[PDB]
């Protein structure tokens, strides 16, 4: 049986880049809760004892940027210089201005353009992907790395591993077989975790606890064997973490946000962006398309690209590829996708309910990936029925 090794990583919510995504999306949530028509382009960065929120917001909302920043950091567990950032000591810089009027006239006519006439908030390209290899129609390498990172957070919060600190990363190498273009996981080859820790725990205790409390409960037993490789805190010490160890920025985890290196990426970040930014609304809709093609049994795997021009409602290009797993030709799947899905940003916003913030609607997307989640707020995970001649 010929196989190959494919690797995906993740980080948890205490990773300093993920912190920035969550602050950017906490700001988006706060704007939309008061003004659903908010134009939001909120970037965040962090380093030792410093968070800065910067970029462009036009909102009728009254927003306390400082509070949102400190509250977000506090909830993730950045509550002392000892764990790499103190939410209640750190400098909070704010360099927020209104959206460029040159952008605003072209995109939405300063909040006068009707939904079907709203232009793309910028140019770019976006991909959606789905694979039948997991029930959430996501790649197993990604899913396993992601769920391990979430389990790492959970055993700190639930008091199972009292020695953990917020900042952690994971990486899973899966051995795969190609079944007529479909991806069939064989076994997990290598599992890696690097997690921040206090000074009370030995490397033997870290290794024991990570294997028993974190990795074993998440990876299906059928994928683990006596030859599976384990790298557990390979640096040998990870006491210094969060912004103290490593500068964070919004949009530096776009592959961890998406498909772990499977499918494709157009390069646009998600977090801190209102849905006129097709970086977000476009990627969500082409995930809905890719997932719908696979969930309807039209294909075992699907990749969809869309592209846009700033100020133009209609996409410049659309493609569908099923890696030869389609039960009808890709040209016919492309025709069905284009008849079923409205790629116009004004339409995507309403059709996926993307102007709703609050109850951390977008903050939830900013850690543990945007795709393959079952929370009803993830509206682009809802499968659309597709009209086709489905085999008996």
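Residue numbers count along the first chain shown, from 1.
- Compared with other PDB entries of the same protein, residue 314 is present in all of those that resolve the residues around it, none of them, let alone a third, dropping it.
- Residue 249, modelled here, also has coordinates in every other compared entry of this protein that models residues flanking it, well short of the third needed to call it frequently missing.
- Legend: mean Cα B-factor per stretch from the PDB entry, 117-125 versus 160-168; the higher mean is in 160-168.
- With 221-229 and 236-244 compared on mean CA B-factor from the PDB entry, the stretch scoring higher is 221-229.
- When the C-alpha B factors of 136, 279, 274, 257 are read from the deposited coordinates, the top value falls at 136.
- Out of 316, 182, 269, 249, it is 182 whose C-alpha atom has the highest B-factor in the PDB entry.
- Among the modelled residues of its chain, residue 44 has a C-alpha B-factor that falls in the lowest third according to the deposited record.
- Split the chain's modelled residues into thirds by C-alpha temperature factor. Residue 296 is in the highest one.
- The entry lists a Cα temperature factor for residue 365 that places it in the lowest third of the chain's modelled residues.
- Residue 376: CA B factor in the highest third of modelled residues in this chain (values from the PDB entry).
- Residue 202: CA B factor lies in the highest third for its chain, per the PDB record.
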